[PDB]
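S.K.:
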Amino acid sequence: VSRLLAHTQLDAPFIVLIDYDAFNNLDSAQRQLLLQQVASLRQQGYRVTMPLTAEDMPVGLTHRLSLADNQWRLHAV
Amino acid sequence: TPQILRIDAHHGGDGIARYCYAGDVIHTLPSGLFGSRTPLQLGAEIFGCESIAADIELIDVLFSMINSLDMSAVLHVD
Amino acid sequence: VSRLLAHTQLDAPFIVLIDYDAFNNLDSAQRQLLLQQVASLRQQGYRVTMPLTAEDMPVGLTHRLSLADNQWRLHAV
Amino acid sequence: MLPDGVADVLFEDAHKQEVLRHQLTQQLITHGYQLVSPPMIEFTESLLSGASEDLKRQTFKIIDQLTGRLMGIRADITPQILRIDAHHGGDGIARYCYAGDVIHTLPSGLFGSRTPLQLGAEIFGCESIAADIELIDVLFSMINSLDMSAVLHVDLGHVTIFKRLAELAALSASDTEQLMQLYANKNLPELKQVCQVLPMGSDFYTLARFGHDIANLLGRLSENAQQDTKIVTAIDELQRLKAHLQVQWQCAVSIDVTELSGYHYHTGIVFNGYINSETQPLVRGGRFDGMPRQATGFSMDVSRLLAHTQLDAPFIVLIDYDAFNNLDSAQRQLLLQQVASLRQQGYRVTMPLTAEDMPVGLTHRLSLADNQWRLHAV
Amino acid sequence: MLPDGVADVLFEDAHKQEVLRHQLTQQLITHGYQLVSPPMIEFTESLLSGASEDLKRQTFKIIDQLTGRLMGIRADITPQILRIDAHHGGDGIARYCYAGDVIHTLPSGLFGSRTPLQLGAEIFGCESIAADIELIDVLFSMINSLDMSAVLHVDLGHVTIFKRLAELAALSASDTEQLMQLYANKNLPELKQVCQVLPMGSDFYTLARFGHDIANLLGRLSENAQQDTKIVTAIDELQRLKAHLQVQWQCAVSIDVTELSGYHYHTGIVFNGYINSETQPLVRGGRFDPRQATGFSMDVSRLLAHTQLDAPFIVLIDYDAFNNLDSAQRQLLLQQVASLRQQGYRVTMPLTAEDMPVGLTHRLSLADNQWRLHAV
Amino acid sequence: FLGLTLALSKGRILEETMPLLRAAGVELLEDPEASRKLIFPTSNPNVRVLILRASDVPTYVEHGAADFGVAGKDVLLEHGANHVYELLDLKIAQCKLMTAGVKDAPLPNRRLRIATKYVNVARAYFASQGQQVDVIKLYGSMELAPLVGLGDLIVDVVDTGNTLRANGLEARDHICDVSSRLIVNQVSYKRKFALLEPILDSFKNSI
Amino acid sequence: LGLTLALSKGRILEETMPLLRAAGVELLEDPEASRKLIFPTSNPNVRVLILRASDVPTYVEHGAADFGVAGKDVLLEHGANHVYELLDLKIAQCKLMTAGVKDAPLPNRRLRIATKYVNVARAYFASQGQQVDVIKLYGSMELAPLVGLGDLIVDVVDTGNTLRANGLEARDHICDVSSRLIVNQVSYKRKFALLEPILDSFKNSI
Ligand SMILES: N=c1c2ncn([C@@H]3O[C@H](COP(=O)(O)OP(=O)(O)OP(=O)(O)O)[C@@H](O)[C@H]3O)c2ncn1[C@@H]1O[C@H](COP(=O)(O)O)[C@@H](O)[C@H]1O
Ligand SMILES: N=c1c2ncn([C@@H]3O[C@H](COP(=O)(O)OP(=O)(O)OP(=O)(O)O)[C@@H](O)[C@H]3O)c2ncn1[C@@H]1O[C@H](COP(=O)(O)O)[C@@H](O)[C@H]1O
Ligand SMILES: [Cl-]
Ligand SMILES: [Cl-]
Ligand SMILES: [Cl-]
Ligand SMILES: [Mg+2]
Ligand SMILES: [Mg+2]
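Residue numbers (PDB author numbering), protein chains in the order written: chain A, 311 to 387; chain B, 78 to 155; chain C, 311 to 387; chain D, 1 to 291, 301 to 387; chain E, 1 to 289, 301 to 387; chain F, 21 to 227; chain G, 22 to 227.
And the structure:
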């Protein structure tokens, strides 16, 4: 199977970072809504990092999940 | 493959039995120039059928698998 | 991971056998239609055995794919 | 906002399109096809000589201000090939290829292009099935050079079989037009009904019902049809090309003798090459009238290959502005010699105008470290 | 019979045209110009946005049957580059190149083509003379790669000199239009007459009479003109580019500050490259339009008469010998033929014993189980 | 979803289709009116059903959002069934496309103004009669248009003629006969013929 | 000889009835029980037509109705070129929006837009510098993205519940929508005396 790796391609991954600052500004109900959204993204195969610190950055970042006017949307980097 | 034989001898009976597998194997020396000594060996085997139809079925399984990979690389069979 | 096996269960598999006699009665165009149907069943996770002989029976057979009036339908055993 | 079916081809896609156009053209030339590059515009007298009504409606009209006569923007290059062959081709075998833009008034398929980059090849002056076989070998040599993972499926037809049955059965125009509609829509039940009252009706039913099984098709036809020389040969040509495609080129072939698109212009064998499950053929080809002068050919829209082909990622290089301006004259000439060599190899090297000058998609900087210019990945 | 100014490009000329188009495009790409390939047709709203009246008359119109709106077949690719740069280019420096067919309603010069193959390059977002200098170096690197015996002569102009004089003199539109006609025709006597009654008239006479001598042109102008910052800089740019062309490229340069073609779109320096003594420029370029732009273009089809490729190798396989082969022998022969074609040989597999390619140079013949190439 | 998607027309057509389906493998578990659901499962697990506007059926099939569908011939002619196969005349929901004007009213001495939903059909019909017409597009209540002067004639589907007669109108010209037809997506016909053939044969047997 | 008033059937008709009664126009029968197309009113000089919302601007523009109540979504899509849009009635308020599947990514292609509002869609996406393939539909826009017929939709949204109940989310606000009072150009000149009192009462009613 390892000899197939050079001859096959997967679709490029979606690698998502939640904004550290915006997440910590949330009330409890806002956090649970955000985590429900994150669970749904992960069910679809998005790779979503919940940041431990403001510098926590996944390798190969494609998107940030950012808060703009009470709405969490995905934005390409 | 020899582990498949052991398994087939205990569980397979006299009729037709089909097995597949995918596991790591280790070789003391590589086969080809700069070849791997730790392949991820995947395979399929049919026991208990003398007919060329069993070989034909194995080809159909193989090629169904190869075509699912959507490769541009071309497989030539000898 | 092997220690989880005794504490987990999957849904029961669907294990299908195509009728040997009926399949061999088919013309080439009928066989290609049947194989198209079988490919679709396999895509859905059905485990479908094309029989080599009239005795070829998969372990744990749940269903037969049988011909009735120009229609291949699944029947429980 | 561009018009429907009109799109820019930009950047890496434009480069890919240019590479495809060039490489496919060069391949055609090495197979002995003479490249021709006719103009986008001509008088309608030549451009639409013997054209179908579809081609006429597909062709934009404009007026020549020097003569007051009507011109068209070409929707198809093939009629220009005929004009060229009539003047330059002689009586023997002549081979032509081409690649040029054509404009259509309406798209063919749903969300189709109105500005394809039409590439093609044509052989005039050979009646033999060997000319069609050669065209297949050229096509497939081209397709295989593209290293696609997408699979090409070929559907073969032959309009002579139906045309000869219609002659022998002595069908009226309305009967011919009804069968063509029923064939076009695969309406087998209503075809079965109409054929019970038509002369040689069972033959017209047999084409639709059993035409896919080309090995046995002659033996399913009526004695009058089996005695017709043109039907026997047309079926024979289908078997020859099918075999050649499977064996020489590992190509899945289906047969459809009820495929009667371009009833007007096709005179024999027809070829439709499909890419994956896309509705409109990538390649259309077959026998047509080269005039008595035989002609066969195919064409395709090079722009439809862009989604199914890949080039190696480009090397996009920026020379360091500051380091370059620190150099003496002899150092600059050595650096420019190095840059010329990189460009000869296909590296895309930007000499910066300012300290902010940055190319799109930068992969590398050419930087000075201890009296040595090396490439470093960004 | 084709329409006037419309010609097929056939056979070896077509091959040469394709080689030129491809090699010139690739060179541009290696100098960091991004290839773009806009379409032949657009709505007129985009295609002729801010177009001159000449460009409008040069553009064929056609109707879109899906919307009932007017479209045009492009007469010039440059406006499509602007559209593209506005969407994709940003604020910094952006480089573009292109090569495509354009259609003209009337020929541009006497006996000109109405279907040129337009190739070009453009730099947006740099005000400096360094961007113009880079374009010259790319152009001349391209010209020198063609190994022509034909010589390019360059005529430089600069529309700002006349535009500033017209401002300072406060010329009316009809006075501007009359001088442009007289300049276009170099009607010196009648220009002398008209300038005796115009404000700053002697300056407008001086441009035509002495504009060729660019080193001394500033010192022949009036005190008001010599105090104008834009005139002094425009003259300075002319001297800089002239020198760069002579020194870096051994290029004969003439100056003409009364060259006011494309008064509408040119915003500064202009460049006209002539091939031998042919009337219409082979290369046209200059500054144009807040975002700076400079660029040139040329008709690739006009290079055909001045360039040569190496003679092609045109090979015919022996009909009789090929048909004598068994299947394995044929596959070996086809493998050999594929390799010859990979090397650029043009190899015809004959359909009949009479099948002969045009311009046959070689036969591939069988002698004692060996296929060798023999010259005819 | 790997099975077949079946596009059905909502109103008059849906009533006469249900018997044809039940004879095949297919029958709806819920009812279209009571449920505010867009996608309906059936007795056959390989068949899915979409209940759509009659005008939208050809669009869904042609783009492959449905594999096949039941659609009025009036809708197909007006739409242009260019990219679908018209496989069967189902002979259900039968009616006629006709012209209709005010009872006994004279045709004016000018380009006839036609008020219709069927603008391509109207234009085509009047073109085949060598008449030039000004077509006005409407979506509902064709009967009204001539009564307030909006056009001289209408073009609409007529069965009994009672709606025309109840509004003081009479039929004038017969354009063509209409019935619901079975349409199939070009690609689905190749790729999912195994699933289709038994359903196609049962519909064929049901008439 | 009187005025003919074109009303939109369905959602708009409910909120219009109060505005009419204040004007001295009111229906004698009811539209639900009766299959009558032309309705007399309390005013003998005013006649009423109950039409599809999409047909109101057509009837007014051709002068088959003198004036009418029509959604702004319908007017923008229709192109209200030959009619006067005299008053914003501020009834039947909603928004035209884009909507796609919840959290689904935009594909790397020309976006395929499924909508009734094809001119509005084309115009909106043109103003955002985006090139789109528009697909015309007449009903149930919510369905189109769920079976792959189009990447986004364009439709009227009020609460957003229909979108959320089908797994869709709103993406872009295109514009605000409300029912408007439209009048035929010729009627406005010729029958102003009949119109002015009704126009002034509608104006007073908000
Ligand atoms: N009689 C029919 C009729 N017969 C068959 N069909 C088919 O049904 C399809 C339309 O279905 P719908 O019932 O949903 O359409 P609709 O009733 O016109 O309009 P909706 O209000 O339902 O949207 C058409 O495409 C036809 O193929 C008919 N569609 C509409 N009618 C109308 O029904 C009325 C009865 O006509 P008479 O019998 O002549 O009085 C008249 O208004 C006719 O126009
Ligand atoms: N919310 C509205 C809505 N609001 C105001 N209007 C106005 O009503 C006019 C259309 O009236 P209709 O009776 O034809 O509305 P319809 O829903 O098409 O009714 P049907 O003909 O389909 O039975 C539009 O032109 C608008 O001016 C609305 N028309 C339709 N809707 C739909 O109603 C549903 C409820 O929306 P939310 O509650 O926001 O989810 C959604 O499907 C919306 O698209
Ligand atoms: Cl094409
Ligand atoms: Cl009647
Ligand atoms: Cl939402
Ligand atoms: Mg082994
Ligand atoms: Mg052609």
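No residue lacks a Cβ here, since even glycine has one placed at the ideal position from N, Cα and C.
Starting from the beta carbon of residue 1 (chain G), find every residue of chain A whose beta carbon is closer than 8 Å, and list them in chain order.
M.R.: Outside the displayed range of chain G (22 to 227) lies residue 1 (chain G), so it cannot be described from this structure.
S.K.: For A113 (chain F), collect the residues of the same chain with a Cβ closer than 7 Å to its Cβ; drop the 5 residues on either side in sequence, then sort them by chain order.
M.R.: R32, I33, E36, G92, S199, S200
S.K.: With 16 other CB atoms within 10 Å as the buried threshold, where does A208 (chain E) fall?
M.R.: buried
S.K.: Mapping DSSP to helix, strand and coil, what is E53 (chain F)?
M.R.: When DSSP states are grouped into helix, strand and coil, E53 (chain F) belongs to the coil group.
S.K.: Which partner residues of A27 (chain F) appear in the DSSP bridge assignment?
M.R.: Residue pairing by DSSP places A27 (chain F) opposite F:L70, F:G89 in a beta bridge.
S.K.: So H87 (chain E) is in the alpha helix (DSSP H); what residue range does that whole segment cover?
M.R.: 78 to 88
S.K.: Which runs of the alpha helix (DSSP H), 4 residues or longer, sit entirely within the segment 169 to 216 of chain G?
M.R.: The qualifying runs are 182 to 186, 206 to 211.
S.K.: Output, in chain order, the set of chain I residues within a Cβ distance shorter than 7 Å of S113 (chain D).
M.R.: The chain inventory of the structure shown lacks chain I, comprising the protein chains A, B, C, D, E, F and G.
S.K.: Please report the Cβ distance between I41 (chain D) and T115 (chain E), rounded to the nearest whole angstrom; I am assuming they are in contact, meaning their Cβ atoms lie under 8 Å.
M.R.: At roughly 7 Å, the Cβ-Cβ gap stays under 8 Å, so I41 (chain D) and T115 (chain E) are in contact.
S.K.: Using the beta-carbon of each residue, find all residues closer than 5 Å to any heavy atom of ligand 7 and list them in chain order.
M.R.: D:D76, D:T78, D:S308
S.K.: Considering just the uninterrupted stretch of the beta strand (DSSP E) at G120 (chain E), what are its terminal residues?
M.R.: 117 to 124
S.K.: Could you give the distance in angstroms between the alpha-carbon of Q152 (chain F) and the alpha-carbon of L132 (chain F)?
M.R.: Their backbone Cα atoms lie some 7 Å apart in a straight line.
S.K.: At the 8 Å Cβ level, is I81 (chain B) part of the contact set with chain C, yes or no?
M.R.: Answer no: the Cβ-Cβ gap between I81 (chain B) and chain C never drops below 8 Å.
S.K.: Among all the DSSP beta bridges, which residues are the ones paired with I255 (chain E)?
M.R.: E:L156
S.K.: Report the option in E:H212, E:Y183, E:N335, E:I325 whose CA atom is closest to the CA atom of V369 (chain E).
M.R.: E:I325
S.K.: Taking CB distances under 8 Å as the criterion, tell me whether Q206 (chain F) reaches chain D.
M.R.: yes
S.K.: State the beta-bridge partners of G45 (chain G) as determined by DSSP.
M.R.: Beta-bridge pairing links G45 (chain G) to no other residue.
S.K.: Would you say the segment 172 to 184 of chain E touches the segment 255 to 264 of chain E, given that touching needs at least three Cβ pairs under 8 Å?
M.R.: yes
S.K.: Quick check on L2 (chain D) - is its C-beta less than 8 Å from some C-beta in chain G?
M.R.: yes
S.K.: Locate the beta strand (DSSP E) running through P61 (chain G), then write down its first and last residues.
M.R.: 59 to 61
S.K.: Check whether the segment 43 to 57 of chain D and the segment 76 to 95 of chain D are in contact - that is, three or more C-beta pairs closer than 8 Å.
M.R.: Enough Cβ pairs lie closer than 8 Å, so yes.
S.K.: Excluding sequence positions up to five away, which residues of its chain have a Cβ less than 7 Å from the Cβ of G171 (chain G)?
M.R.: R133, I134, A135, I156, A165
S.K.: If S149 (chain D) sits next to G5 (chain D), beta carbons under 8 Å apart, how far is it from one beta carbon to the other, in whole angstroms?
M.R.: No, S149 (chain D) and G5 (chain D) are not in contact; Cβ-Cβ is about 27 Å, not under 8 Å.
S.K.: Using 8 Å as the cut-off, can you tell me whether the segment 93 to 109 of chain D makes contact with the segment 117 to 132 of chain D, which would need three or more C-beta pairs spanning the two stretches below that distance?
M.R.: yes
S.K.: Counting only Cβ-Cβ distances shorter than 7 Å, please list the residues of the segment 140 to 174 of chain D near chain B, keeping chain order.
M.R.: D147, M148, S149
S.K.: Taking the CB atoms as reference points, tell me whether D329 (chain E) and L377 (chain E) lie closer together than 8 Å.
M.R.: Yes, the pair counts as a contact, with Cβ atoms nearer than the cut-off.
S.K.: Determine the chain F residues that contact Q381 (chain C) at a beta-carbon separation under 7 Å, and present them in chain order.
M.R.: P218
S.K.: Write down the C-beta distance between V90 (chain F) and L202 (chain F) rounded to the nearest angstrom, noting that I regard them as a contact closer than 8 Å.
M.R.: 6 Å
S.K.: So does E53 (chain G) have its beta carbon nearer than 7 Å to some heavy atom of ligand 5?
M.R.: no
S.K.: Using a Cβ-Cβ cut-off of less than 7 Å, list which residues of the segment 140 to 172 of chain G approach chain D; keep chain order.
M.R.: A147, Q152, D154
S.K.: Would you call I143 (chain D) buried or exposed, if buried means 16 or more other Cβ atoms sit within 10 Å of its Cβ?
M.R.: buried
S.K.: Which whole-angstrom value describes the C-beta separation of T44 (chain D) and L70 (chain D), a residue pair presumed to lie in contact below a C-beta threshold of 8 Å?
M.R.: 5 Å
S.K.: For ligand 3, list every residue whose C-beta falls under 5 Å from any of its heavy atoms, going in chain order.
M.R.: That gives D:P116, D:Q118, D:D310.
S.K.: With a threshold of 7 Å (Cβ to nearest heavy atom), would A191 (chain F) be considered close to ligand 4?
M.R.: Flag set: Cβ of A191 (chain F) near ligand 4.
S.K.: Distance, Cα to Cα, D203 (chain D) vs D366 (chain E)?
M.R.: 39 Å
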